[PDB]
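Numbering (UniProt numbering), first residue to last: 5 to 219.
Note that CB positions come from ideal geometry on N, CA and C, so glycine has one too.
This report refers to the structure that appears directly beneath it.
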Ligand SMILES: Cc1ncc(CO)c(N)n1
């Protein structure tokens, strides 16, 4: 399809963007949590900003309705975010990450302003859906096979893997893809170019975000 074609075209940045969110390794005989704790702090601040952006997609889905059922897909997405935020707070407490002292880094602030740019009614529905799909799908790709990979490493943390590695989140992403894909198959050349640039921009922001916590 249209999205699959863009991913192929842009395979290189898509691979770069979907590397593991954090690495847990042994250092000097201890488990090094520095990459995990950096990711947790930064990603929690990203998720708090992702919430109103999904809220804006939900509104658009209720008004810009070629399909009635788009709303329920986005609504399930935002309801998951509720459970996600609670999970993040539970992680912060068990791992001593104080979210009130996390400083959002450059890549995180850039990503947040970009989410703001996508919240305007001046942006076309197919473009907003592409961005929403992409942000979700990069987490699905990056956590794919996390259990089996994690089992092959000497120490693994299991929490994040349960969150984005499960079949429920995979199926969710597919259902969001099906919506984006439908919008793009009815889109003009101009909107199609806009959607592709937005896809590319999400991948670029994800590479930069990833670089904050790399091992
Ligand atoms: C940076 C980033 N991209 C995507 C997601 C999907 O939730 C996330 N949590 N964080």
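- Would you please state the rounded distance, in angstroms, between the beta carbons of residue 61 and residue 132? I believe it to be under 8 angstroms. 6 angstroms between Cβ atoms; contact.
- Item | Sub-8 angstroms separation of residue 185 and residue 6 beta-carbons | In this structure, residue 185 lies near residue 6, with their beta-carbon atoms less than 8 angstroms apart.
- Kindly say whether residue 215, judged by its beta-carbon, lies nearer than 8 angstroms to any beta-carbon of chain B. Protein chain content of the structure displayed is limited to a single chain, and chain B is not contained in it.
- Through-space distance from residue 30 to residue 177, alpha-carbon basis: Going by the C-alpha atoms only, they are around 33 angstroms apart.
- Chain-order list of residues whose beta-carbon lies under 7 angstroms from that of residue 146 (same chain, five-residue window excluded): Excluding sequence neighbours, residue 146 sits near 22, 23, 24 and 25.
- Once you ignore the five residues that flank residue 119 on each side, which residues in its own chain have a CB closer than 6 angstroms to its CB? 53 and 57.
- At which residues does the alpha helix (DSSP H) containing residue 204 begin and terminate? Counting along the chain, residue 204 sits inside the alpha helix (DSSP H) bounded by residues 193-215.
- Task: Report the residue from 152, 91 and 141 whose alpha carbon sits nearest the alpha carbon of residue 18.
- Result: Relative to residue 18, the option among 152, 91 and 141 whose CA is nearest is 141.
- CB contact flag (residue 219, residue 27, <8 angstroms): In contact: residue 219 and residue 27 (Cβ atoms closer than 8 angstroms).
- Message: Does the contact criterion of 3 or more C-beta pairs under 8 angstroms hold for the stretch 63-79 versus the stretch 181-200?
- Response: Touching, yes, given that three or more Cβ pairs across the two stretches are closer than 8 angstroms.
- Return the residue from the list 102, 112, 59 and 51 that minimises the CA-CA distance to residue 213. Residue 112 is the option with its Cα nearest to residue 213.
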